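A short worksheet on the structure shown next.
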Amino acid sequence: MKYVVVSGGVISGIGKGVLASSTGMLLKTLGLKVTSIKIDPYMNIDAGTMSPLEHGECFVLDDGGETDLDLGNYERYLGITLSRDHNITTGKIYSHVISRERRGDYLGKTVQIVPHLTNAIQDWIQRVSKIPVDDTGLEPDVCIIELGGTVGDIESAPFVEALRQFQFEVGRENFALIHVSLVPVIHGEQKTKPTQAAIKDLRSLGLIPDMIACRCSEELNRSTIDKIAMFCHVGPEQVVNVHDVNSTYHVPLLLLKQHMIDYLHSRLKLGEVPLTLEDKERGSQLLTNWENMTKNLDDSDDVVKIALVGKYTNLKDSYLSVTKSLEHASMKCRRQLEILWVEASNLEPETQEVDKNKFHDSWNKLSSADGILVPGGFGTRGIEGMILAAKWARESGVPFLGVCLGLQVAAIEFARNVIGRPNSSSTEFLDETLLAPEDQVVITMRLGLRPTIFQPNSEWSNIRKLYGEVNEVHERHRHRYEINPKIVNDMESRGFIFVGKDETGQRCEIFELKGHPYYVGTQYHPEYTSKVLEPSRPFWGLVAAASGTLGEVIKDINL
Amino acid sequence: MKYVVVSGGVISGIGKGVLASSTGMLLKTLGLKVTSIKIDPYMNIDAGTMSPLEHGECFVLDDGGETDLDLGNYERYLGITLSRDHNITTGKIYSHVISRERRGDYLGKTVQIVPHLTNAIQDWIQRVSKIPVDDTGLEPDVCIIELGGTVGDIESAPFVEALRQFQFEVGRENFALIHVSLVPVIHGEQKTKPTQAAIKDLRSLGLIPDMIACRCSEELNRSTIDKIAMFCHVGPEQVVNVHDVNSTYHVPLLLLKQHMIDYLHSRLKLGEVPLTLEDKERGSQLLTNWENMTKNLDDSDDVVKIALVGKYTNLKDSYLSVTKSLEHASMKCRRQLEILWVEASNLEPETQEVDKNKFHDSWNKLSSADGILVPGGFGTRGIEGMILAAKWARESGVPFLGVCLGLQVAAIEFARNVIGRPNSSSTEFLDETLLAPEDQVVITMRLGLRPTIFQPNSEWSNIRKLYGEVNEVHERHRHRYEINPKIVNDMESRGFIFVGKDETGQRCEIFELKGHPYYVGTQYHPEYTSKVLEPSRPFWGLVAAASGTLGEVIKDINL
Amino acid sequence: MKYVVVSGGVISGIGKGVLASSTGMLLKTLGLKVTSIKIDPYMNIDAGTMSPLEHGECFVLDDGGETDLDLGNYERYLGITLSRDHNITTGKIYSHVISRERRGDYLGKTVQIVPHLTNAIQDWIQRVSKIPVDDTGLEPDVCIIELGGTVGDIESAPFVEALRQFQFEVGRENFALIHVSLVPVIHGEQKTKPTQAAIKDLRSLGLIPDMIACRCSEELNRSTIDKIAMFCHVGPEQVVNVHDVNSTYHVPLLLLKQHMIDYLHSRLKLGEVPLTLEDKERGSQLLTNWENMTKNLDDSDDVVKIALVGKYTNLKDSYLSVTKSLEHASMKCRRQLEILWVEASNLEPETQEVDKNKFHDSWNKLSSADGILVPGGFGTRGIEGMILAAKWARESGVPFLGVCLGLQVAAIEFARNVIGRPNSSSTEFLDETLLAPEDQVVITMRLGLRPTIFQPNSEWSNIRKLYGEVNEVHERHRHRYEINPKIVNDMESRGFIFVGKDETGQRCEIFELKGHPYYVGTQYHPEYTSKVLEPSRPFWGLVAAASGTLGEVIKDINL
Ligand SMILES: Nc1ncnc2c1ncn2[C@@H]1O[C@H](COP(=O)(O)OP(=O)(O)OP(=O)(O)O)[C@@H](O)[C@H]1O
Ligand SMILES: Nc1ncnc2c1ncn2[C@@H]1O[C@H](COP(=O)(O)OP(=O)(O)OP(=O)(O)O)[C@@H](O)[C@H]1O
Ligand SMILES: Nc1ncnc2c1ncn2[C@@H]1O[C@H](COP(=O)(O)OP(=O)(O)OP(=O)(O)O)[C@@H](O)[C@H]1O
Ligand SMILES: O=c1ccn([C@@H]2O[C@H](COP(=O)(O)OP(=O)(O)OP(=O)(O)O)[C@@H](O)[C@H]2O)c(=O)[nH]1
Ligand SMILES: O=c1ccn([C@@H]2O[C@H](COP(=O)(O)OP(=O)(O)OP(=O)(O)O)[C@@H](O)[C@H]2O)c(=O)[nH]1
Ligand SMILES: O=c1ccn([C@@H]2O[C@H](COP(=O)(O)OP(=O)(O)OP(=O)(O)O)[C@@H](O)[C@H]2O)c(=O)[nH]1
Ligand SMILES: [Mg+2]
Ligand SMILES: [Mg+2]
Ligand SMILES: [Mg+2]
Ligand SMILES: [Mg+2]
Ligand SMILES: [Mg+2]
Ligand SMILES: [Mg+2]
């Protein structure tokens, strides 16, 4: 196994995940089988009970792991499936050796951070990097390890000791370190000093970078590259310049043209990995696919506006998988996506009494939609704001997708305005009395990859026709609440057909409304299964409907 | 609450525990109520499943906590009872916040080492320092915190952050730091440089020593004290000189004469603690008691030799509580104790085929006994070696105490040589066939303070007469095995009377043999209850019998 | 003496000098006498033989010290005169103790960085902070120490040890530390982590900030201020927010409104400094003056364009004193200054063969002048480019100031085009043959405050009338070359009158050309004497002439 560690910098939120994902994607263009491990040095065992103001969205895995959105970056760039073992945390690793000490496995010795916890980190990396994550089912060739946070944090201390020990457990030809760092620009001076401090903090912890990646608001000057290669003990070929590109799909193509792949190929002896003519063929095909879709994104600049209505829409990484899933769909349609970031609370009439401007800008943005998305949501504050947008899309014919909370507000709105239940509601939203017209109810979490089966007469529906001839869709869940199973056969009478369900028939998982060109929702999160070259079908349907091109996209799928 | 942190140095095994125990004992001479917390920065939740080649004996608490022998130092010097909460470990504190994160208590935030783990350490210290540990049942005035290991270890990093934060959560008048450091002597130069490195490592972690304690093989030169007070930013009154004294009972009297108590009194504003005339009276009485017993130890130099037969007897901290319990008994009798450190395996005839010298030196030492002790033991290797010494003491009339494994080998030996069971044995020692004559059997551990009740006709026995008129003794247990309850009434026929038992009658806990001046054993560990001014009664009995003074000691107790 | 140390950050080039200068200016508004010391931790004994691509212009002192442009910031904000002792360097301080060791002054002891070099730094700060630097001639009350570079550099290591020792040599009420740090903004997140690293590097070196100053491209969020006050152990009143203001004259007024002065007043006990009613009167007058000139700068937005022709004009701190001197003049005239940054080489016809665009943009900018400045210069490359602009200003009547190299190119141009010497030249520019018509010649440097005397019949000249009735001007020099003394009486025949000279008559130091409304030059650097409330007279003349307001400004001076 070869290891690329992507690490550090003076800040988090810089590009370690995009650069790791890009590096792994580029090694996959040589036909290498690439896996990835995220290390999040935090006490949380998982991202499941975090709130998205810190580290953005939760990402759900096939096994129902709730994880850092970096695993989502790896899944979509590398085209791989990860387990909850591919995320290591301080919480996970301390819990592991503390269980192993209580079990007596350390044979009466003092259990210590070195050797025992750093051994356990190295054992975890070696175990998990051998797990097959491609659909070929073969063991990986390269593992990208991304060390989250900053090097020289108190939290990352056990992991940097584990990684400098690992660098000698595996040979030098098997381990390379990339350090990502900020080059700030101050009065048009590009400042090298934060990167010099960061490389001295690496050396202080016993690590030496094989690459520097510099993140900057402009291209590095050759003065700046040479001063980095003086005060950090590296050659100028070992500095890469990653300059705030207009889209993340272009970042691999910077790293490619700057000869990073030629450096890593030599530095890790990658020509000595056995690769078949089929592997190099798949690798070269991926390069041509990626260059095609990046050219298409760059060239095909004609707009589509999708209004995204939800909480926290000022923090755009709170919806990273939604944003990326919408981009995959829009790039497949060769249209320039704009996301209209509508704070759902601003649409509520109670905002208009506080401020005219936010209410009118948010309703004008919602009115400016070619299509509407109500994504999954983190809490109750804004449910009426989302029901208002669910209504306006139904009323005005604008293409609509309801994902998770979106399906729940779509069924609530339709019950209120089309079934004729003028007070029907959500058990999540209110429990002040034991209401009889409860549309959304509980049946501690439903997580991971589950089968949704299509209902027998569903073939009229555009959502099934976007999946094609198939009877099952396999998709990822994250919900404790769902629709009340006694109400659904009354709701189907007005045309809100539950197109797909659990194999039991007791859980409702896809709907399409008959009386509308595209008014759909899913109880699964379709974002988490989206890939750069093959979008998630509900999101491809939404953007194709919003473009007016739905029939042409449904025709391409069923061919 | 006032806090004295005792910390660090270039080595462990130096004196932090003796100096902490001495400092706390001295603050108790002002009548202050003194508690203590040990921080062991290791992954072990407790010392229960460790082996004594690292950090010496396990110490058992009243609650059945299995802990570092430093809690035993605090219990005997301060005269206090500790809970398993008075030892903090890396294993305990990570397990605590990881449970609290899984329980959702951190309200959706990222759980991190700062603030969340260092808050949890500060909360634990504040909670536990308020627990009553004196028999007065009042809240403590001063807490001695002893930080185990070395400052600038990766393991101690979260605790030094917690302690430098704690120094500002409590006011400066409430927190003082003592740093203990090695002054090596090299060609008669006293070297200050290891202490200069240690004080710069403290400053680096944001802590400043209020005291330096220097451990040295000779008294510090005034050149050495002045060079410490130059290169460490302290006054010469802030350096104490702790010079390898002939016994640890003299260490408080160094720290007292060197004005450490006058420094701490001013530095922590201790005259502003409310103290009653009864508190200052108890405090002054303790000082006079301690000066009396130290003078008695220094003056009363006439020898008694107790042979201690067990595993690991080359590592004398493997028996610290036994050693200290024997010293308390010997000082009460005003006799100079020598411990004859007999490796039990060397007494076995199979040693004589390897080496004559170890077999003959160990049997000559055992023959040189005024009395014999078989302490509790860590494993099977040497059980025959301990049965040989149990025999020779019974045969030759030499006073014998069997503690734990000692009682078990004493009953095994008596079954083999006095009941006439020529093959009877221990379920711990052998299980190669389903033996019928099993004397030692299992009934996952029995731990903590339990009542032993004396049997009704037991009053002839010298062991009961050493406890006095009382019907119960309350003592601490650490055994999974004990005596077979069907055999005991046959064993009593030859005079091996089980003087005391559990309240059930089903568990046997004290015996005395009739036909011998002192041949006794306990299923409890009597060491763990011993105090400097009042020895453990089985050990007072052993040393008094070995001195020939048993009647005079039994007369002093029953007066 | 009170001490404010201004320090550190993840970068240099951030604001330590502007914030130090602003802080000292604000303490002067309380009537305190404020001095300043710069520490430049570099091997250069002085800035005299540096080149301005690193650390901008050289600044010349009254004693002829050649120093960091920070001493120029202190001189103009605080209104004080500094000596070469007010700049400490690694070169200066090592040279000092190495001389003192060679002289035997350390009495046979090992001379070491601690104590001997850090003592010498503390002795230098104490000596130099007592030197009178105001015109009142009294000893200072507060010394601002600005530590140049980054804290945790290898170069700054001896100075941070000296400063943490100094913090205890002087009492806490006498020493306060301000740390200046970068808060970068990345996708609209304000990132606290670089400042957390910087405050842990301070604590690591044994220093604790009394203030954080955060430099950011926008106002700090209260989330950001609170997260700084969590992870750096400070109160939220101890964080100041210094947000990229449109001019440096507004920076004191941020620090004032954010209660920094109220914090420092309490933290340094400044009400306990004895101050007279005259001191507080001068202090309050300075505040009203500063608020008046900042309002005038903000309000009076009507443009004047001064074209500045020289080397390195892309690096605007290469001319900081010129830029600031031009602003003082422009603010006195209540006009909005634009500086047209003309690279003198681009005006040369040889540029037009390489690139049309730079030649035409630079000549169009020069043509766009309301007035022209040829400042002092660092070398020969561009002398013809400066002679071209000297010509075009003379030819087209545009107001011209020649400072240093400017006077030399003005005399060269006039010799070439008005005396009729078609080949006359500079000994600095060419020495390929022993030319007879040398206008600029050598008489190793002429530095510091020197008297220029006005010639007796000079009173017609506008430059004398801008100084007023006076016979002497005292001004600062930095030249090895000057005008040939045999040529001047021929050059005066065509109206290029040398209005002022050295007291010898042998050195020529001010000229004015008769046939032009303002075509002047100085052999001294008039920038170095400029003050915020009272501009340098040659620069006040230039901007007033360029504004068309010269008569009104000359009338205000002579009133
Ligand atoms: N060069 C770039 N140009 C544009 N966007 C970029 C670039 N590099 C990264 N990004 C975007 O920046 C976001 C933040 O970066 P990333 O998540 O990779 O940062 P980080 O340092 O890894 O930490 P964190 O997980 O805390 O955000 C990414 O999710 C990606 O969308
Ligand atoms: N000045 C002294 N003279 C004699 N014996 C001493 C002295 N100081 C300490 N000791 C003895 O040294 C032993 C080892 O010291 P102590 O346990 O206090 O060390 P440490 O640094 O605390 O660490 P550890 O718990 O790992 O042994 C003590 O148990 C005590 O019996
Ligand atoms: N808040 C601000 N807004 C605008 N300009 C500023 C601000 N703070 C500083 N400046 C300008 O920035 C320049 C660079 O800052 P300054 O010289 O004070 O930086 P530094 O960290 O001190 O180091 P160096 O001396 O190396 O430049 C100053 O000369 C000043 O003109
Ligand atoms: O105020 C100052 C700034 C700088 N210096 C001296 O100049 C040296 C130059 O180092 P700088 O800190 O100026 O930066 P750098 O050259 O590493 O380049 P950037 O990352 O900023 O682009 C410093 O390391 C120190 O010796 C000072 O002495 N004082
Ligand atoms: O080989 C040597 C030894 C010492 N030295 C120089 O002498 C200085 C004296 O420092 P030392 O390391 O000699 O020790 P010290 O004075 O701190 O005293 P002890 O702790 O050893 O008792 C050192 O810090 C260094 O400057 C050398 O240059 N080389
Ligand atoms: O990739 C990552 C980023 C962050 N983290 C975890 O989140 C913690 C939050 O710390 P961050 O490094 O995210 O920053 P911060 O909260 O100090 O705030 P800014 O300065 O960036 O504004 C980190 O210290 C670490 O525990 C990770 O585990 N991995
Ligand atoms: Mg990441
Ligand atoms: Mg953060
Ligand atoms: Mg100890
Ligand atoms: Mg050890
Ligand atoms: Mg400066
Ligand atoms: Mg620089």
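Letters go in sequence order (proteins before strands), and every chain restarts at 1. Order of listing sets the numbers, starting from 1, for every ligand and every atom in it.
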* List the atom of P194(C), the atom of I11(A), and the distance in Å for their closest heavy-atom pair. => CG-CG2, 3.5 Å
* Purely on distance, is any nitrogen or oxygen of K16(A) under 3.5 Å from one on ligand 1? -> yes
* Any idea which atoms of ligand 1 are less than 4.0 Å away from a heavy-atom of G17(A)? -> 18 (O), 22 (O)
* **Under-4.0 Å heavy-atom contact with ligand 1, by part of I11(A) that carries it** => neither
* What do you reckon, is NZ of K365(A) surrounded by more than 12 foreign heavy atoms closer than 6.0 Å? -> no
* Any idea which N/O/S atom from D70(A) gets closest to the Mg ion (ligand 7)? -> OD2
* Structure fact -> Minimal heavy-atom distance between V10(A) and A198(A), with the atoms involved, is CG1-CB, 4.3 Å
* Asked: Is the closest side-chain donor-acceptor distance between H525(A) and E527(A) under 3.5 Å?
  -> yes
* **Shortest protein contact, atom 9 (C) of ligand 1 (heavy atom only)** => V18(A) CG2, 3.7 Å
* Asked: Got an N/O contact under 3.5 Å between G15(A) and ligand 1?
  -> yes
* Nearest protein heavy atom with distance in Å, relative to atom 4 (C) of ligand 1 -> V245(A) O, 3.5 Å
* Closest protein heavy atom to atom 29 (O) of ligand 1, given as residue, atom name and distance to 0.1 Å -> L320(A) CD2, 4.2 Å
* Do the ring planes of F378(A) and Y319(A) sit parallel (below 30°), tilted (30 to 60°) or perpendicular (above 60°)? -> tilted
* Asked: Any idea which atoms of ligand 1 are less than 4.0 Å away from a heavy-atom of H187(C)?
  -> 12 (O)
* Asked: Can a non-hydrogen atom of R215(A) be found less than 4.0 Å from any atom of ligand 1?
  -> yes
* Pair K227(C) + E189(C): basic N to acidic O under 4.0 Å -> no
* Salt-bridge present (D153(A), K193(C); N to O < 4.0 Å) -> yes
* Top protein contact for atom 19 (O) of ligand 1, by heavy-atom distance -> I14(A) N, 3.1 Å
* Restricting to pairs with a member in residues 296-319 of chain A, which pass salt bridge (charged side-chain N to carboxylate O under 4.0 Å, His left out), not counting sequence neighbours? -> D302(A)-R335(A), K305(A)-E338(A)
* For atom 23 (O) of ligand 1, grab the closest protein heavy atom and report residue, atom and distance to one decimal in Å. => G13(A) N, 3.0 Å
* Asked: Would you call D210(A)-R267(A) a salt bridge at under 4.0 Å N-O?
  -> yes
* Closest protein heavy atom (residue, atom, distance) for atom 5 (N) of ligand 1 -> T248(A) CG2, 3.8 Å
* Show which atoms of ligand 1 fall inside a sub-4.0 Å distance from at least one heavy-atom site of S12(A). => 21 (O)
* Asked: atom 17 (O) of ligand 1: which protein heavy atom is closest, and how many Å away?
  -> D70(A) OD1, 4.2 Å
* To do: Using ring pair (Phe, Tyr, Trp, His ring centres under 6.0 Å) as the criterion, list what pairs up with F166(A), not counting sequence neighbours.
  => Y3(A)
